[PDB]
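Asker: Take this structure, written in structure tokens, and hold onto it; I'll ask about it next.
Please treat every number below as a calculation from the coordinates, not as lab data. Every residue, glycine among them, receives a Cβ derived from its backbone with ideal geometry; neighbour counts consider all protein chains shown.
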Amino acid sequence: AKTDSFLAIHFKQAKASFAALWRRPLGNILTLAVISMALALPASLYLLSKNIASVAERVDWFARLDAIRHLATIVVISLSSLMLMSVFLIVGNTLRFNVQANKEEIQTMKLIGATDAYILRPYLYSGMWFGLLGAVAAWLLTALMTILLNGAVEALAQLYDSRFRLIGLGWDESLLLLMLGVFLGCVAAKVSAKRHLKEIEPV
Amino acid sequence: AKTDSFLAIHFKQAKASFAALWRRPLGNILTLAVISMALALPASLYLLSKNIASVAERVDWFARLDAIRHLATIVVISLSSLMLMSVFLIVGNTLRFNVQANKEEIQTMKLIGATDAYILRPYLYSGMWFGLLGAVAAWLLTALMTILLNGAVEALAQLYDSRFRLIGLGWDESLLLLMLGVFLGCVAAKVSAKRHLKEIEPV
Amino acid sequence: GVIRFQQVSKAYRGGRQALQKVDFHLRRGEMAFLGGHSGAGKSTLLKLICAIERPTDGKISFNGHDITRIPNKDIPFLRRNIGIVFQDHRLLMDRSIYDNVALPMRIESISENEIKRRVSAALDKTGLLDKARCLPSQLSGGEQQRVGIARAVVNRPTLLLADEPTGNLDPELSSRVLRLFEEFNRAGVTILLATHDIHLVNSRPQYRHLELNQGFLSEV
Amino acid sequence: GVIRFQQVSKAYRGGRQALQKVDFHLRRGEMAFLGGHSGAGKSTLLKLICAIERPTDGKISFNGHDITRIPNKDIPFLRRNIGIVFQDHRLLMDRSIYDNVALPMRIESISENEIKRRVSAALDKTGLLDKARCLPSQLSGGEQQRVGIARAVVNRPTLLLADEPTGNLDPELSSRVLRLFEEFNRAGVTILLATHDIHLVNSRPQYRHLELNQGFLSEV
Ligand SMILES: Nc1ncnc2c1ncn2[C@@H]1O[C@H](COP(=O)(O)OP(=O)(O)O)[C@@H](O)[C@H]1O
Ligand SMILES: Nc1ncnc2c1ncn2[C@@H]1O[C@H](COP(=O)(O)OP(=O)(O)O)[C@@H](O)[C@H]1O
Ligand SMILES: [Mg+2]
Ligand SMILES: [Mg+2]
């Protein structure tokens with residue numbers, strides 16, 4: 001009995017899961033938009049913190065400056081923790097809804113003798129795609145926000161007789177953002193799907 | 001045939017829908033937490049902007065301060081609009097999942113001859129309770145953030161000897177926050193539930 | 001009559017046609033079996049009666065009121081008159097029997113005391129009063145079907161439609177269910193049964209028999 | 001034998017008991033009807049065979065391998081051997097017939113060409129090869145049931161379990177479905193049918209008949 005290879009089945013699963021996301025446009029576009037905005041917010045907060053820190057470094061007085069940096073770091077970290085926690089939960093809800101949508105298919109698949117891993121892999125890849133697309137959209141949104149802010153910043157820089165310019169996310173930071181997005185999209189999917197799939201019976 | 005009064009049925013529906021949220025703790029606690037944090041960001045940002053503006057008012061210097069205020073207002077508005085949109089979108093997903101969970105009940109209810117309004121009102125009140133609880137949780141989150149930040153602000157002020165402390169949200173503002181929360185919880189629920197209810201058939 | 005058809009016919013989206021020039025008349029109090037083959041159009045005829053699906057060619061009269069183009073907002077008022085029993089004995093496993101039997105009385109707001117007394121009377125009539133507080137799961141198949149019949153009839157419907165109620169029961173319980181239906185008919189409730197078991201219909205020749213063959217109704 | 005029971009019994013959570021000291025032996029190639037009443041324990045016996053629910057008292061042997069306490073991870077390997085046909089002709093309305101019949105062959109990764117040829121052979125055997133590309137909705141009830149049987153048998157199962165396959169068909173198509181099952185039995189596939197229709201079983205006395213009455217199996 002001819003059997004497909006490991007990488008062949010994995011690539012087929014990835015392509016099929018990407019195709020499946022567009023079965024329900026309304027159901028899966030809103031979640032992508034929400035993830036994009038939620039992940040973009042902390043990116044913009046970090047961007048502003050980085051810009052102000054660069055300004056401060058570029059410029060009794062020294063002792064007071066460090067405390068302001070500490071306060072800014074605490075605020076940014078708190079908001080980042082909130083938003084990252086938010087992204088984790090929303091992904092789980094969408095996958096739980098998807099699993100409940102495919103109740104009959106999973107029932108029939110389990111009845112015929114399919115292993116749990118076969119049932120589970122498509123949802124892992126769907127979560128990974130959610131994370132990746134959300135990260136890309138968040139990066140685009142942060143770029144647009146920087147473009148928007150530059151106009152206001154120019155007036156302040158001109159009035160101060162300065163040549164200050166906003167600096168966008170570094171190319172090394174974009175890789176970290178994408179890694180975080182896919183990490184959430186995978187971990188939330190695994191945890192929620194594994195915990196929820198157990199409580200579904202073949203009949 | 002004795003029939004219940006309008007206010008009686010509405011009150012009973014509100015009470016029963018509130019009781020319904022506790023059918024699924026994991027399903028409906030995560031959404032409340034996400035809404036709380038999302039609606040907390042706008043309030044906390046407004047709090048920070050208000051505090052810095054009050055400090056500036058307390059304090060050539062006139063010209064640049066107006067530009068700084070313009071930049072702060074732009075940043076706050078842009079970052080808050082995203083969270084308002086996210087709260088609007090996320091509420092719809094939870095109610096869509098709930099409606100798909102009650103597929104059989106709605107099928108039987110429509111088959112027996114129930115009007116659409118009877119089917120729909122519980123979801124409207126569930127959305128309203130979502131909004132109200134989210135607003136209350138966001139208010140508490142902002143208060144807790146103020147409590148956390150006050151210690152660091154006091155540590156910073158000791159060096160400056162400013163003797164300045166943060167001040168929490170005003171009572172009038174809290175009413176507006178609750179109104180916004182309930183407004184979103186009602187509007188998103190109405191839109192999503194009404195659009196989705198059409199495509200469920202009795203059999 | 002309680003229901004009438006005038007040259008009504010239906011064609012599905014694919015082009016296959018369920019009903020062609022089917023015409024029959026039903027007087028209040030009478031009972032009919034509506035026999036047919038595995039295919040034919042027995043279920044569709046029942047769907048058309050209660051406006052789940054609309055017809056194409058003819059017109060439908062419930063009590064002299066045209067149902068051919070009933071607006072979607074007035075469908076619930078019509079459905080309140082008609083009670084439906086299905087083969088799958090559709091029940092809500094989560095809720096109790098008393099809650100399931102009381103759903104039609106709660107769709108239209110009614111005082112709880114009247115709901116209690118009416119549900120108790122209905123379950124006493126069907127003999128399930130004792131287990132009113134139990135869950136559907138603990139009941140046997142026949143008991144679940146009887147609960148479904150009670151829920152269908154609790155609202156004093158003028159016309160009762162059953163779509164193969166005895167699908168999932170052996171012949172022994174078929175007689176009991178059919179005698180329950182006959183008791184309801186004696187009460188004065190018009191009933192239009194639907195089944196393909198020729199033996200059951202041949203057992204009782206009192207009630208007029210309508211044969212639905214390939215979408216045509218001989219009515220003999 | 002293909003399946004055996006040793007003093008196996010089951011008691012549900014409520015305390016009602018489906019099976020008590022039921023013992024039977026099945027040799028490869030033989031066919032059985034497993035007649036019973038509306039209640040009794042016919043469905044439970046089928047669930048126990050394929051490890052959907054575990055027993056309490058006795059032990060189950062599939063091919064000399066104990067299934068009494070099969071670990072949950074090894075259940076799929078057992079289920080791959082057993083094919084199941086249900087009364088509801090469980091089918092995926094969204095997908096095409098060819099996709100439904102090919103699901104067992106895709107659960108275990110197989111080359112698409114072999115899947116195509118095997119599905120074509122199975123549908124030719126059941127006579128549905130022509131409509132392989134059509135949706136289940138356009139099919140009639142008997143055609144949907146035959147598609148379900150084909151999907152069950154596509155994977156060369158050693159034992160085929162049918163839970164009242166002829167529930168939703170008139171007697172005319174019952175003979176056709178039973179003759180299809182007899183053809184499969186001639187092919188060499190062990191079959192254990194389950195039905196409560198005494199007429200159908202009485203029609204064909206060649207195959208051994210097991211009567212399940214109130215959880216007890218006379219096997220006569
Ligand atoms: N939703 C549908 N789409 C396409 N064809 C249908 C649909 N429903 C029924 N049909 C076909 O039209 C006729 C109506 O089926 P039906 O009267 O329900 O059979 P039964 O009496 O056994 O329930 C049959 O030929 C059936 O195959
Ligand atoms: N999930 C369950 N919970 C409680 N009792 C059950 C359950 N399933 C079956 N029973 C009871 O145990 C016995 C098994 O039912 P079953 O053998 O499936 O009847 P049938 O042969 O008509 O399918 C019956 O008495 C039934 O009422
Ligand atoms: Mg039918
Ligand atoms: Mg059964």
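Asker: Only one residue in C:74, C:66, C:88, C:163 is touching a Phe, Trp or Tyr at 6+ places or on another chain (Cβ under 8 Å), closer than 20 Å to residue C:46 by Cβ and either within 16 Å of ligand 4 (Cβ to nearest atom) or acidic (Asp, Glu) (or both), so which one is that?
Answerer: Just a single option satisfies the conditions, and that option is C:163.
Asker: Another question, then. Quick one: residue B:164 ticks every box in (1) part of a helix (DSSP H, G or I); (2) of a type outside the set (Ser, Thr, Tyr); (3) in contact with a helix residue (DSSP H, G or I) (Cβ under 8 Å, 6 or more places away or on another chain) bar one, so which box is it?
Answerer: Single failed check for residue B:164: (1).
Asker: Tell me yes or no: at least one residue of the range C:207-220 is among the hydrophobic types (A, V, I, L, M, F, W, C), touching a strand residue (DSSP E or B) at 6+ places or on another chain (Cβ under 9 Å) and part of a loop (DSSP other than H, G, I, E, B).
Answerer: Yes, some residue in the range C:207-220 is among the hydrophobic types (A, V, I, L, M, F, W, C), touching a strand residue (DSSP E or B) at 6+ places or on another chain (Cβ under 9 Å) and part of a loop (DSSP other than H, G, I, E, B).
Asker: Right, here's the next one. With the requirement that a residue be under 18 Å from residue C:86 (Cα atoms) and of a type in the set (D, E, K, R), what does the range C:181-207 give you?
Answerer: Listed by number, the residues that qualify are C:182, C:197.
Asker: Still on this model: Restricting to the range D:154-202, name every residue that is over 16 Å from the mean Cα position of the chain (by Cα), hydrophobic (A, V, I, L, M, F, W, C) and within 16 Å of ligand 1 (Cβ to nearest atom).
Answerer: D:169, D:173
Asker: Residues in the range D:16-23: is at least one of a type outside the set (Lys, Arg), within 14 Å of chain A (Cβ to nearest Cβ) and over 30 Å from residue D:140 (Cβ atoms)?
Answerer: Looking for residues that are of a type outside the set (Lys, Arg), within 14 Å of chain A (Cβ to nearest Cβ) and over 30 Å from residue D:140 (Cβ atoms), one finds none in the range D:16-23, hence no.
Per-residue answers, yes or no, for (1) farther than 20 Å from residue D:91 by Cβ; (2) in a loop (DSSP other than H, G, I, E, B); (3) away from ligand 3 (no atom under 16 Å from the Cβ); (4) facing chain C (nearest Cβ under 10 Å):
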residue: D:133; (1), (2), (3), (4): no, yes, yes, no
residue: D:148; (1), (2), (3), (4): no, no, yes, no
residue: D:157; (1), (2), (3), (4): no, yes, yes, no
residue: D:160; (1), (2), (3), (4): no, no, yes, no
residue: D:178; (1), (2), (3), (4): yes, no, yes, no
residue: D:181; (1), (2), (3), (4): no, no, yes, no
residue: D:185; (1), (2), (3), (4): yes, no, yes, no
residue: D:191; (1), (2), (3), (4): yes, no, yes, no
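Asker: Which ones in the range C:3-38 are buried (at least 20 other Cβ atoms within 10 Å of the Cβ) and either touching a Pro at 6+ places or on another chain (Cβ under 6 Å) or in a loop (DSSP other than H, G, I, E, B) (or both)?
Answerer: Hits for the range C:3-38 are C:8, C:10, C:18, C:33, C:34.
Asker: Restricted to the range D:39-55, and to residues that are within 13 Å of ligand 2 (Cβ to nearest atom) and part of a loop (DSSP other than H, G, I, E, B), which residue is surrounded by the fewest Cβ atoms within 10 Å (Cβ to Cβ)?
Answerer: D:53
Asker: Would you check if there is a residue in the range C:97-104 being within 19 Å of residue C:50 (Cα to Cα) and crowded, with 21+ Cβ neighbours inside 10 Å?
Answerer: Yes, the conditions are met somewhere in the range C:97-104.
Asker: Take residue B:156 and tell me if it is part of a helix (DSSP H, G or I) and away from chain C (no Cβ under 14 Å).
Answerer: Yes: the conditions hold for residue B:156.
Asker: Here's something else I'd like to know. Any residue in the range B:71-99 that is more than 10 Å from chain A (Cβ to nearest Cβ) sitting within a Cβ distance under 7 Å of a residue that is among the aromatic types (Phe, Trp, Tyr) and not in a helix (DSSP H, G or I)? List the pairs, counting only those 6 or more apart or interchain.
Answerer: none
Asker: Right, here's the next one. Tell me, which helices (runs of 4 or more DSSP H) lie completely within the range A:1-103 with 2 or more residues that are closer than 24 Å to residue A:175 by Cα and among the polar types (S, T, N, Q)?
Answerer: A:25-58, A:61-101
Asker: Just to check your reading of the model, which residue among B:175, B:111, B:120 is among the aliphatic types (A, V, I, L, M) and away from chain C (no Cβ under 14 Å)?
Answerer: From the options B:175, B:111, B:120, the qualifying one is B:175.
Asker: Which of the residues that make up the range C:59-74 are under 16 Å from residue C:22 (Cβ atoms) and surrounded by 15 or more Cβ atoms within 10 Å (Cβ to Cβ)?
Answerer: Result: C:60, C:61, C:67, C:68.
Asker: What's the number of the only condition in (1) more than 16 Å from ligand 4 (Cβ to nearest atom); (2) away from every other protein chain (no Cβ under 13 Å); (3) aliphatic (A, V, I, L, M) that residue D:34 fails to meet?
Answerer: Failing condition for residue D:34: (1).
Asker: Restricting to the range C:112-131, name every residue that is crowded, with 21+ Cβ neighbours inside 10 Å and over 14 Å from residue C:97 (Cβ atoms).
Answerer: Selection gives nothing.
Asker: Determine the pairs where a residue that is more than 17 Å from residue D:157 (Cα to Cα), located within the range D:110-129, has a partner that is outside any loop (DSSP other than H, G, I, E, B) and of a type in the set (D, E, K, R) with Cβ atoms under 8 Å apart, the partner being 6 or more residues away or on another chain.
Answerer: From the range D:110-129, the pairs are D:127/D:146; D:128/D:143; D:128/D:146.
Asker: Exactly one condition in (1) charged (D, E, K, R); (2) part of a helix (DSSP H, G or I); (3) away from ligand 3 (no atom under 16 Å from the Cβ) is not met by residue D:172; state its number.
Answerer: Checking residue D:172 against (1) charged (D, E, K, R); (2) part of a helix (DSSP H, G or I); (3) away from ligand 3 (no atom under 16 Å from the Cβ), the one that fails is (3).
Asker: Right, another one. Which residues, counting only those in the range A:41-94, are surrounded by 14 or more Cβ atoms within 10 Å (Cβ to Cβ) and among the small types (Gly, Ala, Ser)?
Answerer: Passing the criteria: A:43, A:44, A:49, A:53, A:67, A:72, A:78, A:80, A:86, A:92.
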